[PDB]
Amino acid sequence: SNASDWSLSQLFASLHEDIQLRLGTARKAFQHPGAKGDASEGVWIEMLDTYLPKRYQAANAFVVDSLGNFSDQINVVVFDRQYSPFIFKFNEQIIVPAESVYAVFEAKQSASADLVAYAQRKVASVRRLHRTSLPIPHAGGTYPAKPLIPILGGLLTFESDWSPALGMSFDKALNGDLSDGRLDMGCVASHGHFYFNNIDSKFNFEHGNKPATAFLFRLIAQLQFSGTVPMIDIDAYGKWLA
């Protein structure tokens, strides 16, 4: 028909449905584990690349610090490039300094105790890295060295192996690591999303209501508190030139 009545709710439905279908497709179409993971990870990266403010980059990467320690391979890194160099780039493959990182996520097909623990380990391999911070020159003078921002960590999946999907067994698994490996938020595209409440010191699960869109908004809102990354001391990395 010729009726036209704009709906904001429909936009958020369509945003989520696109993610859910493409993740379902990646799982069903690719019967090779490498291709299936690459396909799914790309769906999440495209969502962040499309919708996050441009102050954020989103890509697969290794993280490195000025002590010469490296993270594991991170499926989805959210990081700064406005104020931060790459440490190494070779064609499309990138290694980013720890000081550039805002958030790190593991992306897999279905939530489980083993996957949650694996994600907790990936996140810990980033949070253990050392980050420098120098006083920051700006138009109004020089700020003190910014105190180190929290790196957000999380888990992104299509499905859940538990029944109910987002129940006590998921909660138990999340409480397995409340320090270096703590997962601040995550999304189960077929069911809902979760986040850690700092005030109550507990995990909250939110069911349905456009899970991928709700996760995206939660990520944007939480990132706002981080402001910009602290200012990197590239000469700390330069000790390794000799």
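Note that residue numbering follows the sequence shown and begins at 1.
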{"property": "119 to 127 set against 93 to 101, stretch whose average Cα temperature factor tops the other in the entry", "result": "119 to 127"}
{"property": "Of 31 to 39 and 186 to 194, the stretch whose C-alpha atoms average the higher B-factor in the entry", "result": "31 to 39"}
{"property": "Highest-ranked of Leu152, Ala113, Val78, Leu156 once sorted by CA temperature factor in the record", "result": "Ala113"}
{"property": "Selection from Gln57, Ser201, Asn60, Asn69 [criterion: highest C-alpha temperature factor in the record]", "result": "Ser201"}
{"property": "Record-listed C-alpha B factor of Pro147: chain third", "result": "highest"}
{"property": "Third of the chain, ranked by Cα B-factor, where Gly208 sits", "result": "highest"}
{"property": "Within-chain third of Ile87 by Cα B-factor, per the entry", "result": "lowest"}
{"property": "Ranked against its chain, the third holding the CA B-factor of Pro135", "result": "lowest"}
{"property": "Ranked C-alpha temperature factor of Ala214 among modelled chain residues, by third", "result": "middle"}
